[PDB]
Amino acid sequence: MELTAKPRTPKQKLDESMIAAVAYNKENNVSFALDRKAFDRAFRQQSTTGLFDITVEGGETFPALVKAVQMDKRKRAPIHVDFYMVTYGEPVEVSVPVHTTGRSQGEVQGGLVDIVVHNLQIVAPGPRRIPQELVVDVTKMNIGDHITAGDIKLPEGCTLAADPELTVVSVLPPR
Amino acid sequence: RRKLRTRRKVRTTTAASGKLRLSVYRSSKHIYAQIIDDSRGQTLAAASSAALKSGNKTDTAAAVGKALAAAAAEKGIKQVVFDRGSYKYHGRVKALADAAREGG
Amino acid sequence: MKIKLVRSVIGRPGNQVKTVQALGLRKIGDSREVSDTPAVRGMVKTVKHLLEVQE
Amino acid sequence: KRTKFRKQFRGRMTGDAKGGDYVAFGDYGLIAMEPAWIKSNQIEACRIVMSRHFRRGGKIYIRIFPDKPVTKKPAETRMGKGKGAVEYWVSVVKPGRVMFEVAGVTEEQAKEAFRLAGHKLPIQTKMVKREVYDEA
RNA sequence: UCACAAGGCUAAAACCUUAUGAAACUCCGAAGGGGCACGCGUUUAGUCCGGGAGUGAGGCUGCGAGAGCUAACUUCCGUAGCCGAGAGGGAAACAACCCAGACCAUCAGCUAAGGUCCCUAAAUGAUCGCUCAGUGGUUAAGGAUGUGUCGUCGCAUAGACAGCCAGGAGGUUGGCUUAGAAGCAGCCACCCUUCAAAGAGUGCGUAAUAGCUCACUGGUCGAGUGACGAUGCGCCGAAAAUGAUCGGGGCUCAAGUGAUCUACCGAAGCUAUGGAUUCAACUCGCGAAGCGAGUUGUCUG
RNA sequence: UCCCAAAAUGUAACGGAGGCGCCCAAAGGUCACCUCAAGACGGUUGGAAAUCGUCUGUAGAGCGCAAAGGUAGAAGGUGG
RNA sequence: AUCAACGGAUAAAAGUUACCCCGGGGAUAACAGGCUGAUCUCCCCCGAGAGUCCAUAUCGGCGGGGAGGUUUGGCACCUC
RNA sequence: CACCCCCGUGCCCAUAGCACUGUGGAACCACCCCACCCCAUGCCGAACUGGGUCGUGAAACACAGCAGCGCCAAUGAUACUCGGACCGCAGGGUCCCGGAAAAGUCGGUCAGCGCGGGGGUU
Ligand SMILES: [Mg+2]
Ligand SMILES: [Mg+2]
Ligand SMILES: [Mg+2]
Ligand SMILES: [Mg+2]
Ligand SMILES: [Mg+2]
Ligand SMILES: [Mg+2]
Ligand SMILES: [Mg+2]
Ligand SMILES: [Mg+2]
Ligand SMILES: [Mg+2]
Ligand SMILES: [Mg+2]
Ligand SMILES: [Mg+2]
Ligand SMILES: [Mg+2]
Ligand SMILES: [Mg+2]
Ligand SMILES: [Mg+2]
Ligand SMILES: [Mg+2]
Ligand SMILES: [Mg+2]
Ligand SMILES: [Mg+2]
Ligand SMILES: [Mg+2]
Ligand SMILES: [Mg+2]
Ligand SMILES: [Mg+2]
Ligand SMILES: [Mg+2]
Ligand SMILES: [Mg+2]
Ligand SMILES: [Mg+2]
Ligand SMILES: [Mg+2]
Ligand SMILES: [Mg+2]
Ligand SMILES: [Mg+2]
Ligand SMILES: [Mg+2]
Ligand SMILES: [Mg+2]
Ligand SMILES: [Mg+2]
Ligand SMILES: [Mg+2]
Ligand SMILES: [Mg+2]
């Protein structure tokens, strides 16, 4: 990704298909503007747990993560982006997608897999190595079976911002 | 429970009164009776009772009333307002009173 | 700045009238010189659109 | 359908949709495009359409809900004498607002059940699919 | 506070995550407005005392609301402007909209809105495109291999999209239902066999069989081709009463249209020359003030 | 009294809701003193609610009547 | 002092007129027109279902989009 | 204030609060003890009040630690919007110019400034 300018004035890029953005170091803070096309390919690939390299039209290239995204409600498209300039050894808290794997023995007698909370926000990994997904097995799961936030296998050096008796990926009855 | 003190405290109209207010503190067996010009964050006279007391523990009220009012003579204080505390104006603090109330 | 009244006051809001009045213009084609200060240049801002402004 | 207890009468006004433009509770979602009013029965209609097409069972999230009382005067009365008495209920769906969420069904199924619901609707719509993690 | 979407949890309420509506909800909260001081800087009004009134039916448009059907050349308020009491140019015609406030004279010049094929003043202007539908010259959900422009995805020198030859399989009438259901009226699952390839399978079919064909592969060729949205201009949907039509003629070999540029025409607006009136200040006569005169400014629906 | 009422006042409708034509000799004056609703644990009648205790507790109560604002350093409850 | 029609005409007061009269009003209704189009009339979209079987031969639920101006109205704009 | 600390009392009215936690004792504070009287309990020295210790600093208070909570809170962008202009039959919407939120993200924070007195620095 290679933005260029950053003035408080948008007419330079608006139509040209660029998004207004800000990346903050927490010590260093920088406004700017990225090619839409790019950040689209990108944010689709890497999502919120992203991590990609950002070289401002001045030479200096810094790594970063995606902290928030701001949409046109009516066009359903990016107009602005909040960008976290990553640190090194401890970052912030990462929201990551619960998935599901294998034909559950719920969908075979009556019900269906229901990811009651799509996105699970954990505390920390050590940033360099962020979990980007989060597989949960479901094959054991019958109909009427809730998976609390505890039972999720974290990949070492990871904890849970979640209340870990909160219902996540649960299988629901029919009708 | 802090209600009695902040009660009478606000009930002593601080500045707009003109007069000076006069603290006490007889809860322990030591008091502090300060004289304050309210408005200015400054405390004028005062006359404690923990730098030698004669011996009397509550009998000495009249004494420090007279001692304070004595300091008030010199500094030039003739007007007053009685900032009691959670103290129900009866014996001890009444002594400090009557004492200052004549010995000004 | 310099100033010209090149639009008109009719069907224009009361204050914009009275401001046209102040700036000293009482007919189209009226031009004038003005003293770069916040109250006069702030009298030209509010009726900007009625004025051809020079410098 | 209806609310259960309230105040009675109301009014009318508009600009773009507050919350929420994003896709929770599901994998596929249907979104307004126009500043309509939406009556119970219209939703009821979309609910029954989609519910049938999914058969048993899928999963259907009817986000929008009619809290707004609309009134209509009696037949053939000269204006005044009062305000009209609660004809029916509308839900003030502004553009971009997500009306529907369905999940537990394929993309195909979702498309169709949507289109079918759309033809029952006062306004143009569009279907879409997640990524809108403004929060969760 | 009232209302409300999925879930947790518990004996339902409270409470937990997720999620949302509010004129009569508010943790917050603009733009703006209102008061007061200055005038730091322009300009002309103000206030009070007294004489004379008239008016007290308003009207439209925009914006803000209620009422109403988010109807009315509707009704009732807030707010700006116009008409009222406003002539002049434009909008064919047209109180109100757009431009613009008409002291008088002129066979003089510039402009505004709006315009420059002929009726009709002024470029049948320029350059890059768009639409071919008379769209232009009045409506919608819905629909559509119209045409321009972007983007997504897919398939392809392992031979594809189309075309053409052939196979399309054995378990197996899969189970269930059924008077019979055997791919194909309704309820559960999509497993093996043979191969270069053949899926309890798509439509027609039968009361049910049988039957026709597709999803896959091979040859054949010989190259691109297929899907999904975004958007510009159009197509259909588009049916009313006396005779048609964009105001008309007519316009695409643009007189339609999106963009940028310039030249011209256009008002009672501005300007030129002449002239009168209102007020004002300056100058003069007679006897302050007052009247007349004159000059400058000013004004005059 | 609230909303309409367009964050100054004001502003109409046979617009949307609700009260008043009293009451109090203490419910006033002053002086002094006290702090609420509700939930959780445990408690003879009880056992939804009674009365007691512990913990939480900024108002989630109370103010003679309508509602709005207001109010816990009292306007709220008690006494001279 | 329900002078409560609450700025309160008298101390003191109800009906009827198709026998009717006067002065005015299109400031205001019944006819017609006009504007609107809820209602009224038709046409279109989706298709669940009916049609042994098969949505569309024909019919078409729950809902949606328009037209027309012949209904009952709404408004009160020229004509009392 | 000379340096500390404690007691009172203020400006400040949560970036100043709460929890968890550690420290503190004859030197100020607190609990404590006694109550027939002043005084007082809608009953009871619980509280007001009165005579005073030792004992304990556990409770409470003072002080320190801490960012779990609470509170404070950016820039960026947006909503809306004065004022210039526009589109749509209409519900509604756009452009230019200035102003410009709220919620959230970054974070920030276990406050700060005084007066008086007491008591300590072999
Ligand atoms: Mg906040
Ligand atoms: Mg009148
Ligand atoms: Mg009137
Ligand atoms: Mg009026
Ligand atoms: Mg009208
Ligand atoms: Mg005219
Ligand atoms: Mg005219
Ligand atoms: Mg004409
Ligand atoms: Mg007209
Ligand atoms: Mg022009
Ligand atoms: Mg000509
Ligand atoms: Mg002249
Ligand atoms: Mg004139
Ligand atoms: Mg206002
Ligand atoms: Mg009025
Ligand atoms: Mg009388
Ligand atoms: Mg008869
Ligand atoms: Mg007769
Ligand atoms: Mg007779
Ligand atoms: Mg007559
Ligand atoms: Mg009739
Ligand atoms: Mg009629
Ligand atoms: Mg009908
Ligand atoms: Mg059937
Ligand atoms: Mg009619
Ligand atoms: Mg009339
Ligand atoms: Mg009228
Ligand atoms: Mg505007
Ligand atoms: Mg802006
Ligand atoms: Mg700003
Ligand atoms: Mg602390």
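Residues numbered from 1 in each chain as written, not as in the entry; some residues may be left out. Chains lettered and ligands numbered in written order. Part of a larger assembly, values for the part shown. Heavy atoms only, no water.

- Its PDB record attributes the structure to X-ray crystallography, giving the resolution as 2.90 Å.

- Looking at the PDB entry, one finds chain D named 50S ribosomal protein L16, with Deinococcus radiodurans as its source organism.
- This deposition appears in the PDB under the title "Crystal structure of the 50S ribosomal subunit from Deinococcus radiodurans".
- As its UniProt record puts it under Function, chain D is described as follows: "Binds the 5S and 23S rRNAs and is also seen to make contacts with the A and P site tRNAs. Interacts with A site tRNA mimics, and is probably one of the key factors, along with a helix of the 23S rRNA, in positioning tRNA stems in the peptidyl-transferase center."
- Recorded in UniProt under Subunit, the annotation for chain D is "Part of the 50S ribosomal subunit. Contacts the CTC protein (RL25)." (UniProt positions renumbered as here; feature names shortened; annotations may be inferred.)

- Chain C appears in the PDB entry as 50S ribosomal protein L30 from Deinococcus radiodurans.
- Reading the Subunit entry of the UniProt record for chain C gives the comment "Part of the 50S ribosomal subunit."
- As stated in UniProt under Sequence similarities, the record for chain C gives "Belongs to the universal ribosomal protein uL30 family."

1. Things to note about the interface of chain A and chain D
- At the interface, 13 residues of chain A touch 22 residues of chain D.
- Of the roughly 1600 Å² buried at the junction of chain A and chain D (both faces included), carbon and sulfur atoms supply 54%.
- Connecting chain A to chain D are one salt bridge.
- Taking the shortest distance from any N to any O, the salt bridge between A:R74 and D:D16 comes out at 3.8 Å.
- Linking chain A to chain D there are four residue pairs in polar contact.
- Elements that contribute at least two residues to the side of chain A that touches chain D include exactly strand 4 (61–72) and strand 7 (112–114) of chain A. (Contact = heavy atoms within 4.5 Å. Buried area = accessible area lost by both parts, 1.4 Å probe. Salt bridge = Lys/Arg side-chain N within 4 Å of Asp/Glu carboxyl O. Polar contact = N/O pair within 3.5 Å; in protein donor to acceptor, adjacent residues only side chain to side chain. Helix = DSSP H or I, 4+ residues; strand = E, 2+ residues; numbered from the N terminus.)

2. Focus: the nonpolar core
- Among the nonpolar cores identified, the biggest contains 22 residues, and D:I38, D:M99, D:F100 and D:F114 are the most heavily contacted of them.
- Looking at this core, the elements that each hand over two or more residues are strand 1 (28–32), helix 1 (40–54), strand 6 (98–103) and helix 2 (107–119) of chain D.
- Judged by nonpolar contacts, the second largest core, of 19 residues, contains A:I19, A:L34, A:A42 and A:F83. (Core = buried A, V, L, I, M, F, W, Y, C linked by side-chain atoms within 4.5 Å. Buried < 20%, exposed > 50% of the residue type's maximum accessible area, 1.4 Å probe, protein only.)

3. Focus on the pattern of salt bridges
Residues and elements named next belong to chain A.
- If you walk through the whole model with that rule in mind, you get 15 salt bridges over all chains.
- In this structure, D35 and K37 form a salt bridge, with 3.3 Å as the shortest nitrogen-oxygen distance.
- Relative accessible area serves as the criterion here: at 22%, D35 is assigned to the partly exposed category.
- Exposure remark for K37: the relative accessible area of 58% places this residue in the exposed category.

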